[PDB]
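S.K.: Handing you this structure, nothing more for now.
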There are 2 protein chains.
Amino acid sequence: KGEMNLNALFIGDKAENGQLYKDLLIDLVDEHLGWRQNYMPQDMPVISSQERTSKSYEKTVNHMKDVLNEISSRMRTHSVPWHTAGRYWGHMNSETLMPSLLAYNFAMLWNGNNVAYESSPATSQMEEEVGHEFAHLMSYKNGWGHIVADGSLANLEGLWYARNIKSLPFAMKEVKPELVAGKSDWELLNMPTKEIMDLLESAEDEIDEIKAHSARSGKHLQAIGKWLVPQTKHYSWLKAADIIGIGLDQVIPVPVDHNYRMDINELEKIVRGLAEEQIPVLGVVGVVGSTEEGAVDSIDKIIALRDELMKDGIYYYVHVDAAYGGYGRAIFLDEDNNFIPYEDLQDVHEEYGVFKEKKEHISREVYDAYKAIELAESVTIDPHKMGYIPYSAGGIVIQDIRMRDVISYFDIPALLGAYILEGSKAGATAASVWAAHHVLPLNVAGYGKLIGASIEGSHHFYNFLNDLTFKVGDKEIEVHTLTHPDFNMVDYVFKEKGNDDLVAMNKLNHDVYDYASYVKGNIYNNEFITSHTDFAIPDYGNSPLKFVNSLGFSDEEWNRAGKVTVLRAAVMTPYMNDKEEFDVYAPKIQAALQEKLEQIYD
Amino acid sequence: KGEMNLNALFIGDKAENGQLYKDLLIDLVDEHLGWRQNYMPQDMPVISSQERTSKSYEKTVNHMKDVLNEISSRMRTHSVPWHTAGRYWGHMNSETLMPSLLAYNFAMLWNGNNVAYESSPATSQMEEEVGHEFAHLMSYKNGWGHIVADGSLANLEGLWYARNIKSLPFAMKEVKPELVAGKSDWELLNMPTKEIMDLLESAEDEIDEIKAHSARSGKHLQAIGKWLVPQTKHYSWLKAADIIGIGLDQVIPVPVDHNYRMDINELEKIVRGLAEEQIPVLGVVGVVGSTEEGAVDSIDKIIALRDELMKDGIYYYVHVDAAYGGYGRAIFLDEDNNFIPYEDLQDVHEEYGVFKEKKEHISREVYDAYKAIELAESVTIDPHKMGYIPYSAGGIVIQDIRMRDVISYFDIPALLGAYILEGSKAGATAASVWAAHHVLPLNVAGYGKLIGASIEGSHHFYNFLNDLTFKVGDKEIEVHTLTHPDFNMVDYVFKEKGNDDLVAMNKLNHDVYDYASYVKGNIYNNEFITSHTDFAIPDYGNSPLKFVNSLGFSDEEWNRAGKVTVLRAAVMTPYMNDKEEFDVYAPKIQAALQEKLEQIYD
Ligand SMILES: CN[C@H](C)Cc1ccc(O)cc1
Ligand SMILES: CN[C@H](C)Cc1ccc(O)cc1
């Protein structure tokens with residue numbers, strides 16, 4: 001369709017499209033009301049005219065207005081103003097896509113339940129297509145997916161898959177050992193996911209019994225091996241281990257580098273070491289877009305290592321924690337769904353308006369990481385993160401649709417609840433996601449353009465912060481960026497030129513955070529808002545040491561402070577990719593930071 | 001406030017309040033838009049006037065309209081017309097509360113994330129109050145709760161609690177054995193939940209280490225005992241066992257009676273037997289409002305048995321699966337939150353309009369079951385079932401707020417995600433639930449009146465079906481109700497007077513189901529819609545045998561057919577409590593069933 005205008009797909013930083021939203025919103029409500037009325041048009045309304053003007057009705061409507069006025073007062077006092085175009089530089093939140101908002105309220109009037117096709121065929125059919133759209137977003141050939149309440153639960157479902165997968169070889173030896181005849185025991189704990197899947201689908205009349213002897217029964221949960229995750233992982237991963245049965249003790253942190261990506265050398269050291277101890281690797285977790293720094297694990301290097309390890313008989317499951325960055329992969333896909341060759345990226349992105357100044361914006365490392373996702377077994381992807389779809393809407397994609405038989409209980413599921421971890425599920429959530437995917441195709445013609453704006457906006461912010469120097473009363477405060485962003489997240493810290501006190505810097509940034517958040521003051525009057533996170537040795541190691549030293553801090557300070565406090569901005573506003581529009585908000589960020597620093601002294 | 005009018009709280013069976021909904025809906029949107037604009041009123045709109053009338057904008061808005069028109073076409077073709085006043089007699093679906101609908105779309109414009117207070121203080125504060133409102137709904141003295149994506153996941157969180165609770169005594173023996181000095185091993189596996197909780201909160205500096213040696217680590221998951229559930233349980237319970245680590249093999253079905261409630265005799269036989277084998281009881285699941293029959297387990301009898309078993313040193317955790325019936329408990333609570341004495345119920349219910357003909361509507365058995373919930377450790381309750389709150393919104397209540405320390409990771413949580421099973425969570429869901437609880441108090445002055453209408457509507461349907469006899473061309477088809485409803489669910493079957501063929505009846509009811517569902521025809525033209533379920537010996541035993549014989553079927557037929565097919569109606573319409581309004585739809589149900597039977601022959 002040539003090239004769509006992202007500015008028509010948001011209510012707006014200043015409600016510029018408020019009328020458009022209301023008109024479409026009310027049109028949709030009207031179509032629903034009309035649908036209600038003409039189901040059984042012969043039925044007369046149960047609520048009479050006299051009822052609707054009676055006093056009982058009025059006092060109830062007034063009580064309802066009272067409640068909504070209190071809800072409105074509370075929302076309008078404390079909610080976060082991240083709809084702003086260039087003043088909110090923090091958490092993974094901006095506006096959400098108007099078509100999703102519209103479709104959600106529309107779908108909610110029907111209130112269909114997607115756990116069961118009978119309850120809502122249309123939103124049920126819609127969720128199946130969303131699953132296939134997740135798969136093609138991941139270049140899965142014959143893959144699948146479904147909407148999940150959120151990323152954490154999708155991650156848990158990742159472990160549910162992996163845990164059950166590693167247990168299936170042992171369970172084949174117990175029910176139909178012919179499938180795994182002549183296989184060692186350690187060979188069974190290192191079968192590639194596909195061999196396990198080909199074997200299970202081979203034993204049609206025995207699938208039920210093999211699954212009955214699987215990790216579903218409760219047996220062999222420590223036998224199935226260690227779960228490896230980046231040391232900077234999201235706590236949902238701990239929670240996932242805990243809940244799924246392998247437990248916290250079967251979770252091994254793989255160290256990260258100075259770019260805060262899984263050190264593939266130490267990943268190799270850990271996997272090979274465990275293999276010498278005959279300890280199986282349940283799976284490895286690669287994060288494409290880490291929570292605290294927006295880093296992209298080299299997924300290619302992770303899957304190539306699995307390829308170089310299978311010669312030594314070592315196979316690990318790979319699940320990609322793309323809760324945040326999953327939708328980003330649409331920037332690499334052309335309208336035929338082919339991964340754009342890297343050398344053609346800057347051209348295609350210019351052709352499609354994905355990026356508006358033609359330079360390199362995406363590493364080939366980050367590029368390569370995203371392509372390799374198609375080889376992982378499963379992916380967590382949050383529509384309510386970089387899908388710009390409203391909470392609550394997470395996702396999971398599986399490389400092979402058959403894999404869902406490892407988890408099923410008893411093509412379009414008649415009871416999708418039998419193929420997923422959770423239960424009841426809003427068909428409105430599926431309509432909300434389907435609407436976004438069908439207004440914005442999951443490639444450069446749609447989401448690519450929105451992801452590109454995110455990244456470009458993050459890049460202008462990186463170049464603004466670099467060199468940002470403020471003069472705060474004899475003191476000169478200087479801004480330093482953490483690493484060049486692998487995605488759209490820009491971490492940064494403020495430091496006094498001279499102060500070699502790292503706990504004093506951490507207290508400086510903890511003070512700018514306080515003045516740039518709900519802590520100090522009214523959020524509705526905050527001229528600049530950000531988030532903050534702590535890099536502590538227990539979880540980050542000395543991964544920040546190169547950075548702490550770049551700033552002039554000693555290895556002793558680093559150990560004395562034991563952590564570094566950094567401000568993060570997951571730059572999700574779509575309005576800042578235009579240099580000129582960013583230039584409007586640059587002086588308003590420096591000015592807001594100037595009094596926030598001046599306030600931290602005096 | 002005297003007595004509120006349920007008819008103002010729904011868009012309506014025929015959109016009678018459509019205008020009211022749109023006006024409030026648009027008022028709310030306008031307040032949000034105004035809030036956006038006056039965050040930083042000095043900022044000029046980023047989207048220019050020229051942009052909003054440009055051609056790029058128009059084609060994108062048109063593409064968006066195209067997508068919504070396809071969403072609308074699909075929704076209006078296949079969605080279920082359960083908004084109708086008295087024609088939908090099936091699944092747990094009617095209208096949802098307008099204030100919830102309104103609050104949800106309002107909250108969604110802010111799109112706050114409740115996993116973290118910073119992301120949305122107002123909806124975060126709202127969810128805390130919802131938790132306390134869940135607790136007081138359960139008469140928990142100093143209890144707690146939170147919204148859960150759905151019932152299944154709340155059930156899973158129930159097992160997460162129980163699994164971790166039974167493991168804590170063993171873990172105290174490993175980290176601070178003083179707490180459990182002189183305690184046998186089997187005594188440790190039978191400590192009452194409160195003793196475990198008092199001991200954990202006693203060891204302040206060791207809480208972290210005890211939890212590190214708990215079931216969170218992965219150890220002792222088969223040591224902690226068997227999970228007992230009604231044989232007619234929801235598959236989420238199987239799924240819960242599977243996922244949580246104890247596995248399918250640690251799940252013991254307790255037989256049910258002819259009223260399809262947990263046979264407390266056989267519950268006692270199972271628990272005492274396991275105790276003679278020194279096998280601990282992880283917990284028992286009591287269902288208040290079963291999925292397929294709306295039966296209410298005698299929770300009082302379950303907790304009194306626990307009281308009579310602790311003398312023999314046998315303690316079991318009790319979790320109440322009230323996904324469906326949980327909100328029903330509001331019918332028993334007066335405006336000071338005291339459980340209404342049973343002998344005063346029919347008076348108070350008449351006083352408050354909870355019931356409109358003054359007779360017994362609620363057994364003292366069902367009454368007693370509901371009161372006993374206050375002694376259970378935790379409860380699953382679905383706002384999106386009998387809360388009339390839109391999907392997706394489940395719930396969990398815990399008897400003792402401290403219990404959440406058994407599950408926490410690292411008063412108003414600053415990171416509610418550290419106190420719950422799931423992760424990201426729509427603040428809009430909390431606003432939606434808070435709005436309902438604050439328009440309708442969780443007692444006879446609010447939800448009681450809505451639950452009462454449900455039950456009364458179900459009672460008129462029971463008396464209609466009883467005696468419903470149709471003449472279908474020389475054949476005379478007769479309707480038989482399954483059991484008197486413990487709540488608002490009415491099961492029933494159609495039988496040929498004469499046919500002693502039970503598989504032939506099951507095929508008759510499977511044919512009425514086909515004509516009364518999306519199977520045969522357009523759902524939008526179906527004059528009567530219902531659900532259907534199969535009572536199969538593997539899961540129901542001979543619990544339906546008394547019923548199968550009441551209808552004239554042999555114990556041989558029952559074993560020959562191996563199941564009975566029953567139609568279920570979870571009567572959730574609020575419009576049918578008025579005998580006169582039910583009388584309008586009685587002839588339209590018989591007439592719709594008359595041609596649906598006539599169509600099944602010929
Ligand atoms: C069969 N009843 C299940 C347990 C929950 C559910 C499913 C579909 C619905 O439309 C409504 C409720
Ligand atoms: C810290 N980021 C977590 C992992 C997810 C999240 C939390 C709050 C938000 O407002 C948005 C996203």
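Identifiers in the structure tokens: chain A, B, ... in order shown; residue index from 1 per chain; ligand index from 1 in order shown.
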Enumerate, as a PyMOL selection string, the complete set of residues in segment 181-243 of chain B that a backbone-based DSSP assignment places in helix (DSSP H, G or I).

M.R.: chain B and resi 185-188+193-202+204-212+235-243

S.K.: Once you count only C-alpha atoms, which residues of chain A turn out to be within 6 Å of chain B? Could you give them as a ChimeraX atom specification?

M.R.: /A:4-5,8,14-15,33,36-37,39,45,56-57,60,64,74-75,78-79,111,120-122,150,152-153,216-218,242-249,390-392,422-426,439,524

S.K.: Write a file of the selected residues as a PDB file, in the first residue's frame, keeping C-alpha atoms.

M.R.:
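Dumped everything to selection_24.pdb:
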ATOM      1  CA  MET A   4       1.490   4.041   5.916  1.00  0.00           C
ATOM      2  CA  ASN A   5       1.546   6.927   8.392  1.00  0.00           C
ATOM      3  CA  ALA A   8      -2.722   7.978  12.311  1.00  0.00           C
ATOM      4  CA  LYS A  14      -1.523  15.525  22.782  1.00  0.00           C
ATOM      5  CA  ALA A  15      -4.660  13.609  21.807  1.00  0.00           C
ATOM      6  CA  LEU A  33     -25.381  -2.598  19.709  1.00  0.00           C
ATOM      7  CA  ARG A  36     -27.385  -7.281  19.829  1.00  0.00           C
ATOM      8  CA  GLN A  37     -30.725  -5.863  18.699  1.00  0.00           C
ATOM      9  CA  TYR A  39     -30.346 -11.295  17.432  1.00  0.00           C
ATOM     10  CA  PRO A  45     -36.555  -5.120  25.284  1.00  0.00           C
ATOM     11  CA  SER A  56     -34.216   3.643  41.149  1.00  0.00           C
ATOM     12  CA  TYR A  57     -32.421   3.677  37.810  1.00  0.00           C
ATOM     13  CA  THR A  60     -27.928   3.639  40.497  1.00  0.00           C
ATOM     14  CA  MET A  64     -22.056   4.481  39.054  1.00  0.00           C
ATOM     15  CA  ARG A  74      -7.211   8.427  40.977  1.00  0.00           C
ATOM     16  CA  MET A  75      -6.074   7.629  37.405  1.00  0.00           C
ATOM     17  CA  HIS A  78      -0.994   9.096  39.670  1.00  0.00           C
ATOM     18  CA  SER A  79      -0.786   7.463  36.242  1.00  0.00           C
ATOM     19  CA  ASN A 111     -16.618 -10.886  26.082  1.00  0.00           C
ATOM     20  CA  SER A 120     -16.055 -17.363  20.666  1.00  0.00           C
ATOM     21  CA  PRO A 121     -15.277 -18.725  17.192  1.00  0.00           C
ATOM     22  CA  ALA A 122     -14.265 -15.384  15.726  1.00  0.00           C
ATOM     23  CA  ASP A 150       2.220 -12.166  29.782  1.00  0.00           C
ATOM     24  CA  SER A 152       6.637 -14.462  32.496  1.00  0.00           C
ATOM     25  CA  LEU A 153       3.915 -17.020  31.965  1.00  0.00           C
ATOM     26  CA  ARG A 216       3.997 -34.539  33.659  1.00  0.00           C
ATOM     27  CA  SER A 217       3.943 -37.518  36.092  1.00  0.00           C
ATOM     28  CA  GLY A 218       6.462 -35.813  38.345  1.00  0.00           C
ATOM     29  CA  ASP A 242      10.762 -22.716  40.961  1.00  0.00           C
ATOM     30  CA  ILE A 243       7.236 -23.273  39.603  1.00  0.00           C
ATOM     31  CA  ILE A 244       8.031 -25.815  36.891  1.00  0.00           C
ATOM     32  CA  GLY A 245       9.655 -28.383  39.237  1.00  0.00           C
ATOM     33  CA  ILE A 246      13.345 -28.319  38.349  1.00  0.00           C
ATOM     34  CA  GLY A 247      13.690 -25.695  41.093  1.00  0.00           C
ATOM     35  CA  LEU A 248      16.066 -22.809  41.767  1.00  0.00           C
ATOM     36  CA  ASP A 249      19.053 -25.148  42.265  1.00  0.00           C
ATOM     37  CA  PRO A 390      -2.266  -2.847  25.423  1.00  0.00           C
ATOM     38  CA  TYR A 391      -1.636  -4.943  28.500  1.00  0.00           C
ATOM     39  CA  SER A 392      -2.187  -7.646  29.074  1.00  0.00           C
ATOM     40  CA  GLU A 422      -3.165 -20.829  31.267  1.00  0.00           C
ATOM     41  CA  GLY A 423      -6.945 -21.240  31.119  1.00  0.00           C
ATOM     42  CA  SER A 424      -9.618 -18.623  30.409  1.00  0.00           C
ATOM     43  CA  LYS A 425      -8.420 -15.970  27.998  1.00  0.00           C
ATOM     44  CA  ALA A 426     -10.051 -12.853  26.576  1.00  0.00           C
ATOM     45  CA  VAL A 439      -3.040  -2.821  10.315  1.00  0.00           C
ATOM     46  CA  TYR A 524       1.871  15.166  36.480  1.00  0.00           C
TER      47      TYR A 524
END

S.K.: Env of segment 331-347 of chain B: 12 Å cut, atoms = only C-alpha atoms, seq-sep filter 5 positions within chain, self excluded. Answer as a PyMOL selection string.

M.R.: chain B and resi 1-2+133-141+325-326+352-374+386+440-455+487

S.K.: Tell me, which residues of segment 265-511 of chain A carry DSSP strand (DSSP E), written as number ranges by chain?

M.R.: A: 281-287, 317-322, 378-381, 394-398, 469-472, 475-481, 489-496

S.K.: Under the rule that only C-alpha atoms and all ligand atoms are counted, which of A:147, A:572, A:477, A:348 is the nearest residue to ligand 2?

M.R.: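 Among the listed residues, A:572 lies closest to ligand 2.
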
S.K.: Quick one, how far is atom CA of residue 278 of chain A from atom CA of residue 192 of chain A?

M.R.: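 Calculated distance between atom CA of residue 278 of chain A and atom CA of residue 192 of chain A is 16.5 Å.
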
S.K.: Can you tell me which residues surround segment 315-320 of chain A at a distance of at most 8 Å, considering only C-alpha atoms, apart from same-chain residues fewer than 4 positions away, and format the answer as a VMD selection string?

M.R.: chain A and resid 158 162 190 to 193 281 to 288 303 306 309 to 310 373 376 to 380

S.K.: Near residue 488 of chain A, within 8 Å and counting only C-alpha atoms, which residues show up once chain neighbours fewer than 6 positions away are dropped, as a list in words?

M.R.: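 These residues fall inside the cut-off: residues 294, 454, 455, 456, 457, 458, 459, 570, 571 and 572 of chain A.
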
S.K.: Keeping only C-alpha atoms, write the selected residues to a file as a PDB file, in the first residue's frame.

M.R.:
ATOM      1  CA  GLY A 294      18.146  -3.849  25.919  1.00  0.00           C
ATOM      2  CA  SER A 454      11.836   3.410  18.109  1.00  0.00           C
ATOM      3  CA  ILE A 455      15.467   2.615  17.303  1.00  0.00           C
ATOM      4  CA  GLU A 456      16.093   5.907  15.504  1.00  0.00           C
ATOM      5  CA  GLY A 457      14.527   7.781  18.398  1.00  0.00           C
ATOM      6  CA  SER A 458      16.793   5.874  20.773  1.00  0.00           C
ATOM      7  CA  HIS A 459      19.795   6.761  18.606  1.00  0.00           C
ATOM      8  CA  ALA A 570      13.617   1.991  26.783  1.00  0.00           C
ATOM      9  CA  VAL A 571      12.958   4.592  24.085  1.00  0.00           C
ATOM     10  CA  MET A 572       9.535   3.436  22.829  1.00  0.00           C
TER      11      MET A 572
END

S.K.: Mind checking which residues fall within 9 Å of segment 551-568 of chain B, counting only C-alpha atoms, ignoring those fewer than 4 positions away in the same chain, and posting them as a short mmCIF file (atom, residue, chain, number, x, y, z; two decimals) with N, CA, C and O atoms, in the first residue's frame?

M.R.:
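Below is the file that was written, out_8.cif:
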data_model
loop_
_atom_site.label_atom_id
_atom_site.label_comp_id
_atom_site.auth_asym_id
_atom_site.auth_seq_id
_atom_site.Cartn_x
_atom_site.Cartn_y
_atom_site.Cartn_z
N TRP B 89 -28.98 -20.45 27.43
CA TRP B 89 -29.04 -21.31 28.60
C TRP B 89 -27.89 -22.30 28.54
O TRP B 89 -28.12 -23.50 28.38
N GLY B 90 -26.67 -21.81 28.69
CA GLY B 90 -25.49 -22.64 28.50
C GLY B 90 -24.31 -22.30 29.41
O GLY B 90 -24.38 -22.44 30.63
N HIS B 91 -23.24 -21.83 28.79
CA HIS B 91 -21.98 -21.56 29.47
C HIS B 91 -22.09 -20.36 30.41
O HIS B 91 -23.04 -19.58 30.38
N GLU B 292 -19.30 -28.44 35.72
CA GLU B 292 -20.27 -29.13 34.88
C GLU B 292 -21.65 -29.23 35.50
O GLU B 292 -22.62 -29.50 34.78
N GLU B 293 -21.78 -29.05 36.79
CA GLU B 293 -23.08 -29.18 37.43
C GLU B 293 -23.38 -28.08 38.42
O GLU B 293 -24.50 -28.02 38.94
N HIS B 480 -35.92 -34.08 31.73
CA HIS B 480 -35.59 -34.43 33.11
C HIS B 480 -34.37 -33.65 33.58
O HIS B 480 -33.34 -33.64 32.91
N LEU B 482 -31.21 -32.80 36.15
CA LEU B 482 -30.23 -33.73 36.71
C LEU B 482 -30.35 -33.79 38.22
O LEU B 482 -30.80 -34.79 38.78
N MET B 489 -26.65 -23.34 38.32
CA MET B 489 -26.48 -24.19 37.16
C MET B 489 -27.52 -25.30 37.17
O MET B 489 -27.72 -25.96 38.20
N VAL B 490 -28.19 -25.49 36.05
CA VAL B 490 -29.28 -26.45 35.93
C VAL B 490 -28.91 -27.42 34.81
O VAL B 490 -28.86 -27.03 33.63
N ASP B 491 -28.63 -28.67 35.17
CA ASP B 491 -28.42 -29.68 34.14
C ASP B 491 -29.71 -30.40 33.83
O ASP B 491 -30.61 -30.50 34.67
N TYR B 492 -29.80 -30.90 32.61
CA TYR B 492 -31.04 -31.53 32.19
C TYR B 492 -30.76 -32.41 30.97
O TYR B 492 -29.69 -32.33 30.36
N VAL B 493 -31.71 -33.31 30.68
CA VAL B 493 -31.62 -34.23 29.55
C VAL B 493 -33.01 -34.42 28.96
O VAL B 493 -34.02 -34.26 29.66
N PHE B 494 -33.07 -34.75 27.69
CA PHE B 494 -34.34 -35.05 27.02
C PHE B 494 -34.36 -36.57 26.81
O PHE B 494 -33.32 -37.12 26.46
N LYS B 495 -35.50 -37.22 27.04
CA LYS B 495 -35.58 -38.70 26.92
C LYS B 495 -36.86 -39.08 26.21
O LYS B 495 -37.88 -38.43 26.44
N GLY B 498 -40.38 -44.36 26.90
CA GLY B 498 -40.36 -45.70 26.29
C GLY B 498 -38.96 -46.18 26.01
O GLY B 498 -38.64 -47.31 26.39
N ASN B 499 -38.14 -45.35 25.35
CA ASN B 499 -36.78 -45.81 24.95
C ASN B 499 -35.97 -46.05 26.22
O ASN B 499 -35.80 -45.11 26.99
N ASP B 500 -35.52 -47.29 26.40
CA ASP B 500 -34.69 -47.64 27.57
C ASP B 500 -33.25 -47.71 27.07
O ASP B 500 -32.42 -48.31 27.75
N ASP B 501 -32.99 -47.07 25.93
CA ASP B 501 -31.64 -47.08 25.32
C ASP B 501 -30.90 -45.82 25.79
O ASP B 501 -31.30 -44.73 25.36
N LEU B 502 -29.87 -45.95 26.62
CA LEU B 502 -29.22 -44.79 27.21
C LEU B 502 -28.24 -44.14 26.23
O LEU B 502 -28.11 -42.91 26.19
N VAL B 503 -27.61 -44.95 25.38
CA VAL B 503 -26.80 -44.37 24.32
C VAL B 503 -27.69 -43.68 23.30
O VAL B 503 -27.28 -42.71 22.66
N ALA B 504 -28.94 -44.13 23.17
CA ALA B 504 -29.87 -43.48 22.26
C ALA B 504 -30.31 -42.13 22.83
O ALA B 504 -30.52 -41.17 22.07
N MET B 505 -30.50 -42.06 24.15
CA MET B 505 -30.75 -40.77 24.79
C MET B 505 -29.56 -39.86 24.66
O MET B 505 -29.70 -38.68 24.32
N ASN B 506 -28.36 -40.39 24.91
CA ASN B 506 -27.17 -39.56 24.81
C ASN B 506 -27.02 -39.03 23.40
O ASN B 506 -26.50 -37.93 23.20
N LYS B 507 -27.50 -39.79 22.42
CA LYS B 507 -27.47 -39.31 21.06
C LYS B 507 -28.62 -38.35 20.79
O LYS B 507 -28.51 -37.51 19.89
N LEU B 508 -29.73 -38.48 21.52
CA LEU B 508 -30.79 -37.48 21.41
C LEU B 508 -30.30 -36.13 21.94
O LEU B 508 -30.39 -35.10 21.25
N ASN B 509 -29.76 -36.12 23.15
CA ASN B 509 -29.27 -34.88 23.73
C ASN B 509 -28.08 -34.35 22.95
O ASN B 509 -27.93 -33.13 22.80
N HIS B 510 -27.23 -35.22 22.41
CA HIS B 510 -26.18 -34.71 21.55
C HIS B 510 -26.73 -34.08 20.28
O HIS B 510 -26.05 -33.24 19.68
N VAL B 512 -29.97 -32.45 20.21
CA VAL B 512 -30.51 -31.17 20.64
C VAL B 512 -29.37 -30.18 20.85
O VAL B 512 -29.43 -29.03 20.40
N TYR B 513 -28.28 -30.63 21.49
CA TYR B 513 -27.11 -29.76 21.58
C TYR B 513 -26.70 -29.25 20.20
O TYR B 513 -26.40 -28.06 20.04
N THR B 530 -27.53 -23.63 24.27
CA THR B 530 -27.19 -24.31 25.51
C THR B 530 -25.80 -24.91 25.37
O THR B 530 -25.21 -24.90 24.28
N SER B 531 -25.26 -25.42 26.47
CA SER B 531 -24.04 -26.22 26.43
C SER B 531 -24.36 -27.67 26.78
O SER B 531 -25.51 -28.05 27.02
N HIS B 532 -23.33 -28.51 26.73
CA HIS B 532 -23.51 -29.94 26.92
C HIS B 532 -22.22 -30.52 27.48
O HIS B 532 -21.14 -29.98 27.25
N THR B 533 -22.35 -31.55 28.30
CA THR B 533 -21.19 -32.22 28.84
C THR B 533 -21.52 -33.69 29.04
O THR B 533 -22.68 -34.08 29.21
N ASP B 534 -20.47 -34.49 29.07
CA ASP B 534 -20.60 -35.93 29.20
C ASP B 534 -20.15 -36.34 30.59
O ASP B 534 -19.08 -35.93 31.05
N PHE B 535 -21.01 -37.12 31.28
CA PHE B 535 -20.69 -37.78 32.54
C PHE B 535 -20.18 -39.20 32.24
O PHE B 535 -20.97 -40.13 32.04
N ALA B 536 -18.86 -39.37 32.22
CA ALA B 536 -18.25 -40.65 31.88
C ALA B 536 -17.72 -41.33 33.14
O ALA B 536 -17.11 -40.68 34.01
N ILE B 537 -17.92 -42.64 33.24
CA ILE B 537 -17.46 -43.46 34.41
C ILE B 537 -16.01 -43.17 34.80
O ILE B 537 -15.76 -43.07 36.00
N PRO B 538 -15.02 -43.07 33.89
CA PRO B 538 -13.68 -42.72 34.30
C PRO B 538 -13.55 -41.50 35.22
O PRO B 538 -12.69 -41.50 36.05
N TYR B 540 -16.58 -39.75 36.56
CA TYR B 540 -17.78 -39.50 37.40
C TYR B 540 -18.16 -40.75 38.19
O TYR B 540 -18.93 -40.66 39.12
N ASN B 542 -20.06 -43.95 39.26
CA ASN B 542 -21.49 -44.28 39.13
C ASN B 542 -22.25 -43.19 39.88
O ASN B 542 -23.39 -43.44 40.28
N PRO B 544 -23.71 -40.65 38.51
CA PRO B 544 -24.98 -40.47 37.82
C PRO B 544 -25.92 -41.68 37.79
O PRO B 544 -26.94 -41.57 37.19
N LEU B 545 -25.57 -42.79 38.43
CA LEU B 545 -26.39 -44.02 38.30
C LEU B 545 -27.78 -43.81 38.90
O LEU B 545 -28.75 -44.18 38.25
N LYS B 546 -27.85 -43.22 40.08
CA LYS B 546 -29.18 -42.91 40.67
C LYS B 546 -30.02 -42.14 39.65
O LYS B 546 -31.18 -42.52 39.47
N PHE B 547 -29.43 -41.13 39.01
CA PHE B 547 -30.15 -40.34 37.98
C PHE B 547 -30.49 -41.20 36.77
O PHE B 547 -31.58 -41.13 36.22
#
